Amino acid sequence: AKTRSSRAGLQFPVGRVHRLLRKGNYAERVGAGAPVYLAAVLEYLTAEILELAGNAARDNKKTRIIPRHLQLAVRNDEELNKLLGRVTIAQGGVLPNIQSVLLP
Amino acid sequence: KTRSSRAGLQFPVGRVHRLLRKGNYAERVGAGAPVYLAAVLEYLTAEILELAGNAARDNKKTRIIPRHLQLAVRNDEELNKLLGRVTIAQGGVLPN
Amino acid sequence: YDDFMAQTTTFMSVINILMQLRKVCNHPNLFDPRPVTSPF
Amino acid sequence: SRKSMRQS
Amino acid sequence: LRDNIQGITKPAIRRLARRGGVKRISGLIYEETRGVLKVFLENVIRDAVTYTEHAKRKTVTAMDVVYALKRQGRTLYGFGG
Amino acid sequence: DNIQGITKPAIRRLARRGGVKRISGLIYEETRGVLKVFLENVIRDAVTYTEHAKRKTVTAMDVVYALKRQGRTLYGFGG
Amino acid sequence: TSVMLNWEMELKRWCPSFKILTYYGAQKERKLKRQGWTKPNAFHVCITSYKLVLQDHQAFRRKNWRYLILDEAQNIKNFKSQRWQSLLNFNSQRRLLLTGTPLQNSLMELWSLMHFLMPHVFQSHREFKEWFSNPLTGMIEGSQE
Amino acid sequence: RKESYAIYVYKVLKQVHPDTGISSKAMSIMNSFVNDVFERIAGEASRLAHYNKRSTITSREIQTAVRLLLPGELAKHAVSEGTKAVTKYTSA
Amino acid sequence: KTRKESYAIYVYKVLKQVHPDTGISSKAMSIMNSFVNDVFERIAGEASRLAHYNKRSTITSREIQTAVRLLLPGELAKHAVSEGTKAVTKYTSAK
Amino acid sequence: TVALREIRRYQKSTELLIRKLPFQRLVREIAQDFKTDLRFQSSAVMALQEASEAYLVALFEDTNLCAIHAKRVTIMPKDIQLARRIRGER
Amino acid sequence: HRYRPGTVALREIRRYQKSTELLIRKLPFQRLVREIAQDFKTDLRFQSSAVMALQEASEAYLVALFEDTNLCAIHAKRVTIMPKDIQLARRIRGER
Amino acid sequence: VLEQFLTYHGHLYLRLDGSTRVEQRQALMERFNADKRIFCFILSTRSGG
DNA sequence: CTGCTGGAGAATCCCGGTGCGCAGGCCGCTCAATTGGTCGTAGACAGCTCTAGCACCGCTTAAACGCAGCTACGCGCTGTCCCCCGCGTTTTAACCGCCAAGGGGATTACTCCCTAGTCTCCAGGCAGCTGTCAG
DNA sequence: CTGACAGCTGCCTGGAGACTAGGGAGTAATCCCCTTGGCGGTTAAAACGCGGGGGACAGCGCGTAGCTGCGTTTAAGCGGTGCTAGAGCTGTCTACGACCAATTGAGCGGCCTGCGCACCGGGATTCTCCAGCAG
Ligand SMILES: [Mg+2]
């Protein structure tokens, strides 16, 4: 018995994604490769955001990712900022940005 | 006997039921859900049509054109809020 | 006291009834002082 | 152990 | 519970403005901010109360608030869902 | 270079519809850029929709869906 | 806090030799008095209120105190209170609770004070409740012989 | 065969304004509006059902979706109309 | 005491693949789970709408690829499509 | 004087203010980059023109509001930049 | 000693932009939420998590609105933020 | 209510409802111990320290 | 009268140390992936059909561009004056702890029964066509 | 001439009619976790002055760059013609997914325990400020 995630080489669960797609009432039928593709895309997005979050955490001399690191990662990357534009991260704060005219 | 006529409405309760079933909203659709949805849609249609007809009368016309619908939507605050992010083709904008 | 005991069983909790009864036992003026009557 | 080509 | 809008305090609004990057604040900003926050809270709370009433519950859970914010277009992370 | 096809009087007409009284001379390039960005986004989404259907012709429904997903629904072409 | 002055007075009246430190004042004054207090033989006795210990628990918890004296220990009688939880793990070589009424409302207060003093003897509160609270309550209420 | 709400919109207009017509472009606008509000209400009902772990869409879900979507006066009038329609349907 | 499915272990595996040394807090893990759920809902809804538009009764790899193209910005979408197609090719090869 | 009359004339009207052929040429030029040899239905181009004109009118209204807030009658590119920045499309 | 105007404001700007803590006391916000909710339905209980989510969302909204207000104030060559700035920001945002 | 009743009966009294200042608490205590006219001193149990 | 540094006061920053509570792991347990089947059917793919989208012109003519003249206001420069900032001194309210008896009211689990779902058959609502008519 | 309403045609599909499986009510019943009127402290965030520095606001004087009027120059628009790439629709038939028994192991919480992290305490370094001085 070999899991579908192992066959596809991914870390996210293909079977769980298939169950969620079936039970989510999205279509009458769900294709075989759709959960694999969706798991791959989810894993890639998680990898990107976690890489940026870890870079922020290292820049902050911290080993564990806190929500502030995730917020800094999302807002500093233009593509992730566009993807998560209408999203508020709890205990995330804001980017340090003081306008030039206000400076002495 | 028609289900729409039985419910006392003008919208197609049967068609709404078929759309809810064929649509992937849920695996089960109750008996009263299509009736309620048809009633709500009929009420909204009647409201917007009455406002459009009043606007057309104010413009000395006898047919509802998209301009009349645009004016009716923008003049009524609740319908303007409902259709705030909606653009009407050949509708123009309110006088200013 | 009898009115509150009747209202106890029907929305006010047992703690609320308890406090109201304690106030009643203290003095009925704690709810409403006797009016000062004057002409209309 | 994992790197993304988006950051090159 | 009455006249609770004054709980939104003037230093609180000043702190929020400073986090927003405001350098100097006029004296009439506070009432406008109180009104804006009142409106926003009214909308979110109305949606959340509708969500709770649908579930035949009387306790407003965090999931209902998250759903209300998502419907308003202000999806919030970290509170489930 | 069809961006020059959006003539300065056309920009003035669009501004007047919006209740603008006076227009600076540098507004035209800025509004041309804004229209180019908006058109790029909408047309990119429409071409994605057209490709998904294995069609080589961008139908009006594709543009309607693109506008709807961009956050600005358009009435009158979907039915 | 009300007894803070009286205790300082008693310390000065009986043993003027002891270096008495009083933790009253605003944050700036408290920090000014704390300045250079890590040096040995800087203070012998420190007086502070339950409110100050609860609010400044991060500074006091870290230090290795010798004796920990709690005047009017009844403020610790509820283990669910923030004061009990905040003071439970304080670093003190020896502990001494001063009280007038070790029991006030129920035996759970007695367990709370004992646990605060000898945690390794009263590790469980539920077992203590089952052993003593239920039968003694039944006896007083007449539900048990 | 293509389905549209043109007939029902025309019937409603004749009910409310017997002597007032409607143009083809306006009829298309009306069809698009009806489809849009239908889809919005249905999606909210589906989300409400999924959130509450219910396999069936009932009248309660549609009512709650209507209350969530429509503004105040519109929402209350639509709720009254839907309740009246359901009451008439059940009593037959 | 009831099962609550979550992406905690999978997110941790991906984090260890990317950063073997860094860690994540409970609030941050909840935020990541919410982000994964939100992206899943977005892609699934877009795929369902795409299937409905083309009068198709199934969700395939093409629908999800188009959904990813529609949702994600340029480089993100391109790299995500590359990763997804690599995964699907490997899955088909493994049978 | 003439500006107000032009405002009223274009405000009462509903016809498309941008010429059809230049806008079609621009749409096709933009679409050429995404895919080669693309066909467009006429209704698609009409919808694109309607959406573009509505967006531009709304943006011009926001920029006029920004200019009025700056105690100016003329609209300047900084007004467009601030309107887009506040709206969130930036 | 007395710091010149604007320096302490910038210093607290940096302080409050470094941190992520909530800036409104929890009890006043809880009271305000209960007051607002009692109008829609009586006898409603709020979980603590729901109130915390409401406070986070409200603070984020107000921070974003203050950023827009400051941008409005820099426009028209000013430093102080005035109610007209908030009104302009809200009107451009599409509210009201 | 006790203030009203005692004044109606003419009994001189002092009152400490915990809201008085600490030095005023000490002053009231010393006055009660020194002045013999004050018949009663109505108090709140939870107060006084 | 004016630009410059110096000493100083406030403010972080930064290195040790250390308590704490939380993540990451490991362990039973089970339920939902997984594997091996059957078995309808969705659509993949030829193949046909006919629609409209593109490439062309010739004529109309109204709009757009350039040029000259011109003056209305955007902006720099002064002069306020008022009003909000920094900080010192005083208010008060989170908030924390009692004090109590019970009171919801989410949850898990059992049972059980109306009401959809699936299937069948048949007649009516409707898409659409052109004829006709008011505008 | 021209869109829109209507009489009529052909057809798909929604209205009756049956079983019936189960999704969704009743019914405990457990337990957590409060819940709130009245009390009493206790500071540390608020609240209130108030001197004044500087920024908002009101002018003034330009002087020029957007507005206006006129004449070309052109390019949009319209009218056929016309040619085909491609959208729309249909029959076969497989490949593929829906179910369904058996497995079975990967994923749930329960319980623990290092240790990452928050924070105290000197000492270091940095940022800002005016006074007095050099010119
Ligand atoms: Mg004592």
# chains A, B, ... in the order shown; residues from 1 in each chain; ligands from 1

call {"tool": "residues_around", "arguments": {"residues": "stretch 16-26 of chain C", "least_positions_apart": "3", "cutoff": "10 Å", "atoms": "only C-alpha atoms (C1' of nucleotides)", "output": "PyMOL selection string"}}
result
(chain C and resi 1-5+7-8+11-13+29-31) or (chain L and resi 1) or (chain M and resi 100-101) or (chain N and resi 35-38)

call {"tool": "select_by_dssp", "arguments": {"residues": "chain B", "states": "helix (DSSP H, G or I)", "output": "VMD selection string"}}
result
chain B and resid 3 to 7 13 to 22 32 to 58 66 to 75 77 to 82

call {"tool": "residues_near_ligand", "arguments": {"ligand": "ligand 1", "cutoff": "12 Å", "atoms": "only C-alpha atoms (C1' of nucleotides) and all ligand atoms", "output": "ChimeraX atom specification"}}
result
/G:2-3,7,70-75,97-102 /L:49

call {"tool": "write_last_selection", "arguments": {"atoms": "C-alpha atoms", "output": "mmCIF file, in the first residue's frame"}}
result
data_model
loop_
_atom_site.group_PDB
_atom_site.id
_atom_site.type_symbol
_atom_site.label_atom_id
_atom_site.label_comp_id
_atom_site.auth_asym_id
_atom_site.auth_seq_id
_atom_site.Cartn_x
_atom_site.Cartn_y
_atom_site.Cartn_z
ATOM 1 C CA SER G 2 -2.243 49.851 53.716
ATOM 2 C CA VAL G 3 -0.038 47.750 56.021
ATOM 3 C CA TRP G 7 5.300 47.131 58.634
ATOM 4 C CA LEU G 70 3.170 36.934 52.917
ATOM 5 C CA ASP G 71 1.346 39.125 55.417
ATOM 6 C CA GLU G 72 -2.426 38.682 55.244
ATOM 7 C CA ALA G 73 -2.146 35.462 53.259
ATOM 8 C CA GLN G 74 -5.932 35.374 52.799
ATOM 9 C CA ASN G 75 -5.418 37.123 49.444
ATOM 10 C CA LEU G 97 2.324 32.464 55.349
ATOM 11 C CA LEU G 98 0.918 34.805 57.994
ATOM 12 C CA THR G 99 -2.848 34.690 58.449
ATOM 13 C CA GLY G 100 -5.589 35.049 61.012
ATOM 14 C CA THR G 101 -8.033 32.588 59.457
ATOM 15 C CA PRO G 102 -6.466 29.734 57.472
ATOM 16 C CA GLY L 49 -8.597 47.339 56.474
#

call {"tool": "residues_around", "arguments": {"residues": "residue J:72", "least_positions_apart": "2", "cutoff": "12 Å", "atoms": "only C-alpha atoms (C1' of nucleotides)", "output": "PyMOL selection string"}}
result
(chain F and resi 20-24) or (chain J and resi 63-70+74-76+79) or (chain K and resi 75-76) or (chain M and resi 73-75)

call {"tool": "write_last_selection", "arguments": {"atoms": "N, CA and C atoms (P, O5', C5', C4', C3', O3' and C1' of nucleotides)", "output": "PDB file, in the first residue's frame"}}
result
ATOM      1  N   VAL F  20     -15.176  66.994 -14.445  1.00  0.00           N
ATOM      2  CA  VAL F  20     -13.914  67.717 -14.354  1.00  0.00           C
ATOM      3  C   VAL F  20     -14.043  69.014 -15.137  1.00  0.00           C
ATOM      4  N   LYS F  21     -13.648  70.123 -14.515  1.00  0.00           N
ATOM      5  CA  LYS F  21     -13.715  71.418 -15.177  1.00  0.00           C
ATOM      6  C   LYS F  21     -12.458  71.717 -15.988  1.00  0.00           C
ATOM      7  N   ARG F  22     -11.287  71.657 -15.358  1.00  0.00           N
ATOM      8  CA  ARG F  22     -10.025  71.929 -16.030  1.00  0.00           C
ATOM      9  C   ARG F  22      -9.098  70.726 -15.930  1.00  0.00           C
ATOM     10  N   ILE F  23      -8.349  70.478 -17.004  1.00  0.00           N
ATOM     11  CA  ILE F  23      -7.457  69.329 -17.113  1.00  0.00           C
ATOM     12  C   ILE F  23      -6.053  69.821 -17.437  1.00  0.00           C
ATOM     13  N   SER F  24      -5.067  69.327 -16.693  1.00  0.00           N
ATOM     14  CA  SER F  24      -3.677  69.648 -16.976  1.00  0.00           C
ATOM     15  C   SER F  24      -3.199  68.902 -18.220  1.00  0.00           C
TER      16      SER F  24
ATOM     17  N   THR J  63     -10.442  61.637  -9.107  1.00  0.00           N
ATOM     18  CA  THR J  63      -9.362  62.611  -9.229  1.00  0.00           C
ATOM     19  C   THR J  63      -9.868  64.045  -9.140  1.00  0.00           C
ATOM     20  N   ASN J  64     -11.066  64.317  -9.658  1.00  0.00           N
ATOM     21  CA  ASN J  64     -11.657  65.639  -9.485  1.00  0.00           C
ATOM     22  C   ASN J  64     -11.950  65.914  -8.020  1.00  0.00           C
ATOM     23  N   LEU J  65     -12.430  64.902  -7.293  1.00  0.00           N
ATOM     24  CA  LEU J  65     -12.621  65.060  -5.855  1.00  0.00           C
ATOM     25  C   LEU J  65     -11.296  65.335  -5.155  1.00  0.00           C
ATOM     26  N   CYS J  66     -10.240  64.624  -5.553  1.00  0.00           N
ATOM     27  CA  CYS J  66      -8.925  64.857  -4.964  1.00  0.00           C
ATOM     28  C   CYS J  66      -8.434  66.271  -5.246  1.00  0.00           C
ATOM     29  N   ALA J  67      -8.644  66.754  -6.471  1.00  0.00           N
ATOM     30  CA  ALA J  67      -8.229  68.107  -6.825  1.00  0.00           C
ATOM     31  C   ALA J  67      -9.008  69.143  -6.030  1.00  0.00           C
ATOM     32  N   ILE J  68     -10.320  68.942  -5.883  1.00  0.00           N
ATOM     33  CA  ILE J  68     -11.122  69.859  -5.079  1.00  0.00           C
ATOM     34  C   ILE J  68     -10.613  69.869  -3.646  1.00  0.00           C
ATOM     35  N   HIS J  69     -10.203  68.705  -3.140  1.00  0.00           N
ATOM     36  CA  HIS J  69      -9.634  68.652  -1.800  1.00  0.00           C
ATOM     37  C   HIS J  69      -8.326  69.424  -1.710  1.00  0.00           C
ATOM     38  N   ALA J  70      -7.628  69.597  -2.828  1.00  0.00           N
ATOM     39  CA  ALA J  70      -6.388  70.357  -2.869  1.00  0.00           C
ATOM     40  C   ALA J  70      -6.609  71.828  -3.191  1.00  0.00           C
ATOM     41  N   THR J  74      -8.040  72.542 -11.665  1.00  0.00           N
ATOM     42  CA  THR J  74      -7.330  71.672 -12.590  1.00  0.00           C
ATOM     43  C   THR J  74      -7.013  70.333 -11.936  1.00  0.00           C
ATOM     44  N   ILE J  75      -7.112  69.262 -12.716  1.00  0.00           N
ATOM     45  CA  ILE J  75      -6.692  67.938 -12.273  1.00  0.00           C
ATOM     46  C   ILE J  75      -5.256  67.711 -12.726  1.00  0.00           C
ATOM     47  N   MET J  76      -4.425  67.217 -11.820  1.00  0.00           N
ATOM     48  CA  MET J  76      -3.013  66.981 -12.060  1.00  0.00           C
ATOM     49  C   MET J  76      -2.692  65.503 -11.877  1.00  0.00           C
ATOM     50  N   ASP J  79      -3.094  63.818  -8.634  1.00  0.00           N
ATOM     51  CA  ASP J  79      -4.450  63.445  -8.248  1.00  0.00           C
ATOM     52  C   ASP J  79      -4.783  62.029  -8.697  1.00  0.00           C
TER      53      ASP J  79
ATOM     54  N   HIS K  75      -1.002  65.162   0.505  1.00  0.00           N
ATOM     55  CA  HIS K  75      -1.664  65.871  -0.579  1.00  0.00           C
ATOM     56  C   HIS K  75      -2.261  67.174  -0.061  1.00  0.00           C
ATOM     57  N   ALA K  76      -2.345  68.164  -0.947  1.00  0.00           N
ATOM     58  CA  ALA K  76      -2.763  69.523  -0.602  1.00  0.00           C
ATOM     59  C   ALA K  76      -1.803  70.197   0.374  1.00  0.00           C
TER      60      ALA K  76
ATOM     61  P    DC M  73      -9.842  81.145 -12.137  1.00  0.00           P
ATOM     62  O5'  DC M  73      -8.348  80.652 -11.840  1.00  0.00           O
ATOM     63  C5'  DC M  73      -7.887  79.413 -12.382  1.00  0.00           C
ATOM     64  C4'  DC M  73      -6.448  79.124 -11.974  1.00  0.00           C
ATOM     65  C3'  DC M  73      -6.207  78.996 -10.474  1.00  0.00           C
ATOM     66  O3'  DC M  73      -5.114  78.130 -10.248  1.00  0.00           O
ATOM     67  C1'  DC M  73      -4.971  80.802 -11.282  1.00  0.00           C
ATOM     68  P    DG M  74      -5.340  76.670  -9.623  1.00  0.00           P
ATOM     69  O5'  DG M  74      -3.889  76.013  -9.698  1.00  0.00           O
ATOM     70  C5'  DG M  74      -3.131  76.144 -10.883  1.00  0.00           C
ATOM     71  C4'  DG M  74      -1.645  75.978 -10.615  1.00  0.00           C
ATOM     72  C3'  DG M  74      -1.279  75.382  -9.270  1.00  0.00           C
ATOM     73  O3'  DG M  74      -0.046  74.683  -9.387  1.00  0.00           O
ATOM     74  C1'  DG M  74      -0.686  77.705  -9.332  1.00  0.00           C
ATOM     75  P    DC M  75       0.756  74.202  -8.082  1.00  0.00           P
ATOM     76  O5'  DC M  75       1.694  75.450  -7.757  1.00  0.00           O
ATOM     77  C5'  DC M  75       2.492  76.003  -8.790  1.00  0.00           C
ATOM     78  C4'  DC M  75       3.350  77.136  -8.268  1.00  0.00           C
ATOM     79  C3'  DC M  75       3.875  76.945  -6.845  1.00  0.00           C
ATOM     80  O3'  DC M  75       5.227  77.345  -6.776  1.00  0.00           O
ATOM     81  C1'  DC M  75       2.769  79.006  -7.015  1.00  0.00           C
TER      82       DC M  75
END

call {"tool": "closest_atom_pairs", "arguments": {"of": "chain F", "to": "chain I", "cutoff": "8 Å", "atoms": "only C-alpha atoms", "output": "JSON lines"}}
result
{"residue": "F:45", "atom": "CA", "partner": "I:70", "partner_atom": "CA", "distance": 6.3}
{"residue": "F:48", "atom": "CA", "partner": "I:70", "partner_atom": "CA", "distance": 7.0}
{"residue": "F:49", "atom": "CA", "partner": "I:66", "partner_atom": "CA", "distance": 7.7}
{"residue": "F:52", "atom": "CA", "partner": "I:66", "partner_atom": "CA", "distance": 6.4}
{"residue": "F:53", "atom": "CA", "partner": "I:54", "partner_atom": "CA", "distance": 6.8}

call {"tool": "closest_atom_pairs", "arguments": {"of": "chain N", "to": "chain H", "cutoff": "10 Å", "atoms": "only C-alpha atoms (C1' of nucleotides)", "output": "JSON lines"}}
result
{"residue": "N:3", "atom": "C1'", "partner": "H:23", "partner_atom": "CA", "distance": 8.5}
{"residue": "N:4", "atom": "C1'", "partner": "H:23", "partner_atom": "CA", "distance": 7.8}
{"residue": "N:5", "atom": "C1'", "partner": "H:21", "partner_atom": "CA", "distance": 9.8}
{"residue": "N:11", "atom": "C1'", "partner": "H:1", "partner_atom": "CA", "distance": 9.8}
{"residue": "N:12", "atom": "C1'", "partner": "H:1", "partner_atom": "CA", "distance": 9.0}
{"residue": "N:23", "atom": "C1'", "partner": "H:55", "partner_atom": "CA", "distance": 7.3}
{"residue": "N:24", "atom": "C1'", "partner": "H:54", "partner_atom": "CA", "distance": 8.7}

call {"tool": "interface_residues", "arguments": {"of": "chain M", "to": "chain G", "cutoff": "9 Å", "atoms": "only C-alpha atoms (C1' of nucleotides)", "output": "PyMOL selection string"}}
result
chain M and resi 18-19+96-97

call {"tool": "residues_around", "arguments": {"residues": "residue L:42", "least_positions_apart": "4", "cutoff": "8 Å", "atoms": "only C-alpha atoms (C1' of nucleotides)", "output": "list in words"}}
result
residues 2, 13, 14, 15 and 16 of chain L

call {"tool": "closest_residue", "arguments": {"among": "H:65, H:15, H:88, H:46", "to": "chain I", "atoms": "only C-alpha atoms"}}
result
H:46

call {"tool": "residues_around", "arguments": {"residues": "residue F:56", "least_positions_apart": "6", "cutoff": "8 Å", "atoms": "only C-alpha atoms (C1' of nucleotides)", "output": "list in words"}}
result
residues 50 of chain F; 38 and 39 of chain J; 86 of chain N

call {"tool": "closest_atom_pairs", "arguments": {"of": "chain E", "to": "chain H", "cutoff": "9 Å", "atoms": "only C-alpha atoms", "output": "CSV"}}
result
residue,atom,partner,partner_atom,distance
E:46,CA,H:68,CA,8.6
E:47,CA,H:68,CA,6.3
E:50,CA,H:64,CA,7.0
E:51,CA,H:64,CA,7.7
E:53,CA,H:64,CA,8.7
E:54,CA,H:64,CA,6.5
E:55,CA,H:52,CA,6.6
E:71,CA,H:68,CA,8.9

call {"tool": "write_last_selection", "arguments": {"atoms": "N, CA, C and O atoms", "output": "PDB file, in the first residue's frame"}}
result
ATOM      1  N   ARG E  46     -23.790  42.916  12.932  1.00  0.00           N
ATOM      2  CA  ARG E  46     -25.067  42.505  12.361  1.00  0.00           C
ATOM      3  C   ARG E  46     -24.914  41.217  11.564  1.00  0.00           C
ATOM      4  O   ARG E  46     -25.716  40.282  11.705  1.00  0.00           O
ATOM      5  N   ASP E  47     -23.870  41.141  10.734  1.00  0.00           N
ATOM      6  CA  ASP E  47     -23.652  39.916   9.968  1.00  0.00           C
ATOM      7  C   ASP E  47     -23.381  38.728  10.885  1.00  0.00           C
ATOM      8  O   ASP E  47     -23.917  37.630  10.674  1.00  0.00           O
ATOM      9  N   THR E  50     -26.581  37.561  12.537  1.00  0.00           N
ATOM     10  CA  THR E  50     -27.377  36.778  11.597  1.00  0.00           C
ATOM     11  C   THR E  50     -26.833  35.360  11.474  1.00  0.00           C
ATOM     12  O   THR E  50     -27.598  34.384  11.488  1.00  0.00           O
ATOM     13  N   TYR E  51     -25.507  35.227  11.382  1.00  0.00           N
ATOM     14  CA  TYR E  51     -24.905  33.901  11.274  1.00  0.00           C
ATOM     15  C   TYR E  51     -25.211  33.051  12.502  1.00  0.00           C
ATOM     16  O   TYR E  51     -25.545  31.867  12.380  1.00  0.00           O
ATOM     17  N   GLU E  53     -27.758  33.424  14.636  1.00  0.00           N
ATOM     18  CA  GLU E  53     -29.182  33.125  14.690  1.00  0.00           C
ATOM     19  C   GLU E  53     -29.555  32.015  13.720  1.00  0.00           C
ATOM     20  O   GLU E  53     -30.474  31.235  13.996  1.00  0.00           O
ATOM     21  N   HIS E  54     -28.856  31.919  12.587  1.00  0.00           N
ATOM     22  CA  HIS E  54     -29.131  30.822  11.664  1.00  0.00           C
ATOM     23  C   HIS E  54     -28.820  29.472  12.296  1.00  0.00           C
ATOM     24  O   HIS E  54     -29.555  28.500  12.093  1.00  0.00           O
ATOM     25  N   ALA E  55     -27.737  29.390  13.062  1.00  0.00           N
ATOM     26  CA  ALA E  55     -27.314  28.140  13.679  1.00  0.00           C
ATOM     27  C   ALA E  55     -28.142  27.765  14.900  1.00  0.00           C
ATOM     28  O   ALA E  55     -27.789  26.803  15.592  1.00  0.00           O
ATOM     29  N   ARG E  71     -17.401  37.716   4.381  1.00  0.00           N
ATOM     30  CA  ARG E  71     -18.478  38.206   3.528  1.00  0.00           C
ATOM     31  C   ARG E  71     -18.311  39.689   3.229  1.00  0.00           C
ATOM     32  O   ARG E  71     -18.542  40.130   2.098  1.00  0.00           O
TER      33      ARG E  71
END

call {"tool": "atom_distance", "arguments": {"atom1": "atom CA of residue E:59", "atom2": "atom CA of residue K:30"}}
result
14.3 Å

call {"tool": "residues_around", "arguments": {"residues": "residue E:42", "least_positions_apart": "4", "cutoff": "8 Å", "atoms": "only C-alpha atoms (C1' of nucleotides)", "output": "ChimeraX atom specification"}}
result
/E:38,46 /K:36-37

call {"tool": "write_last_selection", "arguments": {"atoms": "N, CA, C and O atoms", "output": "mmCIF file, in the first residue's frame"}}
result
data_model
loop_
_atom_site.group_PDB
_atom_site.id
_atom_site.type_symbol
_atom_site.label_atom_id
_atom_site.label_comp_id
_atom_site.auth_asym_id
_atom_site.auth_seq_id
_atom_site.Cartn_x
_atom_site.Cartn_y
_atom_site.Cartn_z
ATOM 1 N N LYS E 38 -17.863 52.936 14.779
ATOM 2 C CA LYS E 38 -19.214 52.518 15.127
ATOM 3 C C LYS E 38 -19.910 51.882 13.934
ATOM 4 O O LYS E 38 -20.542 50.830 14.065
ATOM 5 N N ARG E 46 -23.790 42.916 12.932
ATOM 6 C CA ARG E 46 -25.067 42.505 12.361
ATOM 7 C C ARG E 46 -24.914 41.217 11.564
ATOM 8 O O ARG E 46 -25.716 40.282 11.705
ATOM 9 N N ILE K 36 -23.627 47.482 20.939
ATOM 10 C CA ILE K 36 -24.060 47.445 19.548
ATOM 11 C C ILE K 36 -24.930 46.222 19.295
ATOM 12 O O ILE K 36 -25.944 46.297 18.591
ATOM 13 N N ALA K 37 -24.560 45.079 19.876
ATOM 14 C CA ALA K 37 -25.271 43.845 19.572
ATOM 15 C C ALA K 37 -26.639 43.803 20.236
ATOM 16 O O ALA K 37 -27.565 43.189 19.695
#

call {"tool": "residues_around", "arguments": {"residues": "residue E:36", "least_positions_apart": "3", "cutoff": "12 Å", "atoms": "only C-alpha atoms (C1' of nucleotides)", "output": "number ranges by chain"}}
result
E: 5, 8, 13, 29-33, 39-43; K: 58-59, 61-62, 65-66, 83, 86-87, 89-90, 95-96

call {"tool": "select_by_dssp", "arguments": {"residues": "stretch 9-88 of chain B", "states": "strand (DSSP E)", "output": "list in words"}}
result
residues 28, 29, 63, 64, 86, 87 and 88 of chain B

call {"tool": "write_last_selection", "arguments": {"atoms": "C-alpha atoms", "output": "mmCIF file, in the first residue's frame"}}
result
data_model
loop_
_atom_site.group_PDB
_atom_site.id
_atom_site.type_symbol
_atom_site.label_atom_id
_atom_site.label_comp_id
_atom_site.auth_asym_id
_atom_site.auth_seq_id
_atom_site.Cartn_x
_atom_site.Cartn_y
_atom_site.Cartn_z
ATOM 1 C CA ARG B 28 -30.200 18.094 -1.133
ATOM 2 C CA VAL B 29 -32.681 20.890 -1.857
ATOM 3 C CA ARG B 63 -40.628 51.685 -22.820
ATOM 4 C CA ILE B 64 -37.985 50.907 -20.203
ATOM 5 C CA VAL B 86 -22.113 46.827 -11.050
ATOM 6 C CA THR B 87 -21.756 48.649 -14.372
ATOM 7 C CA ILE B 88 -24.780 48.900 -16.674
#

call {"tool": "closest_residue", "arguments": {"among": "M:1, M:53, M:14, M:45", "to": "chain J", "atoms": "only C-alpha atoms (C1' of nucleotides)"}}
result
M:53

call {"tool": "interface_residues", "arguments": {"of": "chain B", "to": "chain H", "cutoff": "9 Å", "atoms": "only C-alpha atoms", "output": "NGL selection string"}}
result
:B and (3-4 or 6-12 or 16 or 20 or 24-46 or 48-50 or 53 or 56-57 or 61-69 or 78-79 or 81-83 or 88-90)
